[PDB]
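This report refers to the structure that appears directly beneath it.
One-based numbering along the sequence shown. Just the heavy atoms: all of them, side chains too, but no hydrogens, waters or symmetry mates, feed the values below.
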Amino acid sequence: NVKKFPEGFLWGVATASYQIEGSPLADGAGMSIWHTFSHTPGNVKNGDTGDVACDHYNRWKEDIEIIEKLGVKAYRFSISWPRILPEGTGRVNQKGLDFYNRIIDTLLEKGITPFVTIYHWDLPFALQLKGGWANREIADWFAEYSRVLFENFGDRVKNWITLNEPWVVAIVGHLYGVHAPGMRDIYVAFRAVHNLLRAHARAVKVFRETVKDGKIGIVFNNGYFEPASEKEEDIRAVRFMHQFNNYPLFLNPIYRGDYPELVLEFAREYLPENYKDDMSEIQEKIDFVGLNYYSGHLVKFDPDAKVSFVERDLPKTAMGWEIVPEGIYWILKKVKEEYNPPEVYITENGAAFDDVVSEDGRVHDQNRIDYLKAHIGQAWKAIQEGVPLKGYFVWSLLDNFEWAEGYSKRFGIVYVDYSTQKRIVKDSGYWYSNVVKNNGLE
Ligand SMILES: CCCCCCCC/N=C1\OC[C@@H]2[C@H](O)[C@H](O)[C@@H](O)[C@H](O)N12
């Protein structure tokens with residue numbers, strides 16, 4: 001039962017700016033597309049917005065004290081593009097820079113390693129008005145935004161992530177229309193995919209110029225897809241879902257100079273005519289791949305769709321996502337086998353459960369603990385088999401605004417009572433503190 005990780009393995013927790021900060025317009029900040037999206041009726045459960053969230057914009061110091069109290073060694077957090085550049089490019093908001101400098105300086109005082117996600121979905125509204133990720137010019141808008149971050153924070157932050165989950169940004173935001181900017185156009189969605197890559201690569205190239213002794217990567221969402229049967233088309237359906245939904249959509253471009261074969265077969269018509277002229281730039285060398293993982297999915301070829309998900313009789317979280325720990329093992333083995341990145345991090349893994357504050361005033365969330373434990377164990381197996389996993393980040397430090405689900409879905413290892421903004425460390429929080437102390441499971 002004992003599973004000790006490698007010396008130096010990095011144990012962390014993650015958040016994203018829009019999800020926890022509140023005060024979205026504080027101190028001259030521009031609107032983001034999530035401000036405008038969640039202020040549109042019908043877009044978010046219960047009409048929830050990130051106006052307040054966890055009030056981290058004012059409670060940042062105390063939230064960091066929670067990380068330090070738990071002994072957690074890394075903090076993955078994102079930067080709000082419009083707090084720094086209210087108009088997307090040009091004028092810099094010094095008070096925005098100031099908010100993150102304090103967080104950065106405090107983290108380092110306490111021996112916590114900052115991982116900064118440059119973009120975790122809160123694009124400036126002003127850039128959305130000029131087409132956002134649909135606009136080829138965003139590769140350069142993003143370059144200028146990245147440079148400003150590297151210049152200001154790069155002396156102290158040495159670990160960077162360009163994009164959180166570009167598949168989600170492109171597809172859930174511009175095809176399914178479930179996330180900002182709330183569009184449903186497949187031609188726009190594959191131009192977003194392509195522009196995300198070009199942006200990512202430009203930022204990495206500016207990074208080599210502006211930051212010394214630092215490492216930069218990119219973070220992908222990933223599902224463990226399994227075939228509903230051993231029928232040939234079901235096995236093919238799984239290949240497509242892995243190539244499309246998982247890291248290959250972007251790493252094939254990055255490591256190989258082109259999109260995956262089944263994605264070209266499906267979507268060549270939706271990509272720009274001469275997209276391949278952009279591939280040699282997109283192959284800008286990266287230092288690590290961040291994989292987020294939450295769930296397993298059974299998949300089948302379905303002519304009325306051409307792939308459908310098929311619900312399994314398996315344990316689920318409060319999202320209805322199936323809990324399939326071996327998935328994080330499969331995806332870790334797979335990424336090495338296919339692309340052999342020199343370094344990998346689990347940049348998100350976690351679970352939403354219907355947490356209860358007990359009469360004792362504690363939050364006993366053994367179910368979240370069970371979820372995290374099973375996944376960490378499977379992660380450990382992947383290391384024993386040669387995967388260079390360098391760290392593990394729990395999603396999330398705090399219960400927060402879960403995008404289109406609003407506040408009703410709680411991912412925290414720390415409970416937030418939104419009537420008072422009071423934090424209560426959950427049992428999972430204490431458990432995770434011990435994992436870090438023991439560098440593993442005992
Ligand atoms: C049933 C099919 C849908 C499966 C959805 C898979 C889970 C989605 N993943 C996440 O679940 C929670 C977490 C956060 O929303 C975070 O900001 C994102 O970076 C990341 O996407 N997060």
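- Both tests hold for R410 against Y415: distance to the six-membered ring centre under 6.0 Å, angle to the ring axis within 45°.
- Between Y275 and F190, the distance from one ring center to the other does not fall under 6.0 angstrom.
- Side-chain contact check for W81 versus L127: some heavy-atom pair is nearer than 4.5 Å.
- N195 has its side chain within reach of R136: a pair of non-hydrogen atoms, C-beta onward, lies under 4.5 Å apart.
- Side-chain contact between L163 and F250: absent, with no pair of heavy atoms (C-beta onward) separated by less than 4.5 Å.
- The shortest distance between side-chain heavy atoms of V204 and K285 does not fall below 4.5 Å.
- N349 and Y371 share a side-chain donor-acceptor pair at under 3.5 Å.
- Between the side chain of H174 and the main chain of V169, a donor-acceptor pair closer than 3.5 Å is present.
- There is no side-chain donor-acceptor pair under 3.5 Å between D122 and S32.
- Side-chain atoms of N164 and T117 include no donor-acceptor pair closer than 3.5 Å.
- Proximity of a side-chain donor or acceptor of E144 to a complementary backbone N or O of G90 within less than 3.5 Å is detected.
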>> Could you go through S80 and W34, starting from their C-alpha distance and side-chain angles, then the distance that decides it, and tell me whether this counts as side-chain contact (heavy atoms from CB on, under 4.5 Å)?
In response: CA-CA 11 Å; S80 178; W34 266 99; over 6 Å; no
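- A distance of 8.5 Å separates CZ in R83 from CG in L25, rounded to the nearest 0.5 Å.
- Here the closest non-hydrogen pair linking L249 and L197 is O-CD1, 4.5 Å.
- A salt bridge between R76 and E348 is present, with a side-chain N of the basic residue lying under 4.0 Å from a carboxylate O of the acidic one.
- When all heavy atoms of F393 and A74 are compared, the closest pair comes out as CE2-CB, 3.7 Å.
- Between the side chain of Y407 and the main chain of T49, a donor-acceptor pair closer than 3.5 Å is present.
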> Which is it for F99 and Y57 under the ring-ring contact (aromatic ring centres under 6.0 Å, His included) test, yes or no, and what are the steps along the way?
Replying inline: CA-CA 8 Å; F99 166 68; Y57 195 76; 4.4 Å; yes
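- Using a 4.0 Å cut-off between charged side-chain N and carboxylate O, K336 and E385 make no salt bridge.
- Side chain to side chain, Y418 and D55 fail the donor-acceptor criterion of an N or O pair below 3.5 Å.
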> Where do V193 and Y270 land on the side-chain contact (heavy atoms from CB on, under 4.5 Å) test, with the steps shown first?
Replying inline: CA-CA 10 Å; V193 167; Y270 307 131; over 6 Å; no
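- A donor-acceptor contact closer than 3.5 angstrom is absent between the side chains of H200 and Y119.
- For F153, there are no ring-ring contact (aromatic ring centres under 6.0 Å, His included) partners two or more places apart in sequence or in a different chain.
- Using a cut-off of 4.0 Å between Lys/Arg side-chain N and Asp/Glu carboxylate O, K158 and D213 are scored as not salt-bridged.
- In this structure, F244 and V307 have side chains that are not in contact, with every pair of non-hydrogen atoms separated by 4.5 Å or more.
- Checking side-chain atoms of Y145 against main-chain N and O of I118 turns up a donor-acceptor pair under 3.5 Å.
- At most 12 heavy atoms of other shown residues, nucleotides or ligands fall within 6.0 angstrom of atom CG in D354.
- What you find for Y345 and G391 is that their closest heavy atoms are CD2-N, 3.4 Å.
- When all heavy atoms of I112 and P114 are compared, the pair lying nearest together is O-CD, 3.1 Å.
- Judged by distance alone, the side chains of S396 and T15 never bring a donor and an acceptor atom under 3.5 Å apart.
- When every heavy atom of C54 is checked against every heavy atom of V416, the shortest pair comes out as SG-CG2, 4.3 Å.
- Residues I254 and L251 are in side-chain contact: their nearest non-hydrogen atoms beyond the backbone lie under 4.5 Å apart.
- None of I64, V116, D63, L108 except one satisfies the side-chain contact (heavy atoms from CB on, under 4.5 Å) rule with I103; the exception is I64.
- In this structure, CD1 on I66 lies 6.0 Å from CG on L398, to the nearest 0.5 angstrom.
- The local environment of CD in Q366 is crowded, with over 12 non-hydrogen atoms from other residues, nucleotides or ligands closer than 6.0 Å.
- By the 30° and 60° cut-offs, the orientation of the rings of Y247 relative to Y339 is perpendicular.
- Look at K426 and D399 and you find a salt bridge, because one of the NZ, NE, NH1 or NH2 atoms lies within 4.0 Å of a carboxylate O, short of that distance.
- Using modelled atom types and a 3.5 Å distance limit, the side chains of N439 and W11 yield a donor-acceptor pair.
- Looking only at side-chain heavy atoms (C-beta outward), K390 and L10 stay at 4.5 Å or farther from each other.
- Taking 4.0 Å as the cut-off between side-chain N and carboxylate O, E209 and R147 count as a salt-bridged pair.
- Side-chain contact between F225 and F240: absent, with no pair of heavy atoms (C-beta onward) separated by less than 4.5 Å.
- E261 CD: 12 or fewer foreign heavy atoms inside a 6.0 Å radius.
- Remark: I161 CD1 to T347 OG1 distance equals 5.5 Å, nearest 0.5 Å.
- Between the side chains of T317 and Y294, no donor-acceptor pair is found at a separation under 3.5 Å.
- In this structure, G154 and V211 approach most closely via the heavy-atom pair O-CG1, 3.7 Å.
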> Can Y75 and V13 be said to form a side-chain contact (heavy atoms from CB on, under 4.5 Å), step by step?
Replying inline: CA-CA 5 Å; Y75 180 47; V13 287; 4.0 Å; yes
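- Ring geometry for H120 against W395 counts as parallel: the plane angle stays under 30°, on a 0 to 90° scale with 60° as the upper cut.
- Note on ring orientation: taking the six-membered ring where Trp is involved, the planes of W403 and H179 are tilted (angle from 30° to 60°).
- Classification of the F9-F5 ring pair by plane angle, with boundaries at 30° and 60°, yields tilted.
- Between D287 and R208 there is a salt bridge, since a side-chain N of the basic residue sits under 4.0 Å from a carboxylate O of the acidic one.
- Electrostatic pairing of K316 and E311 counts as a salt bridge here, judged by a charged N lying under 4.0 Å from a carboxylate O.
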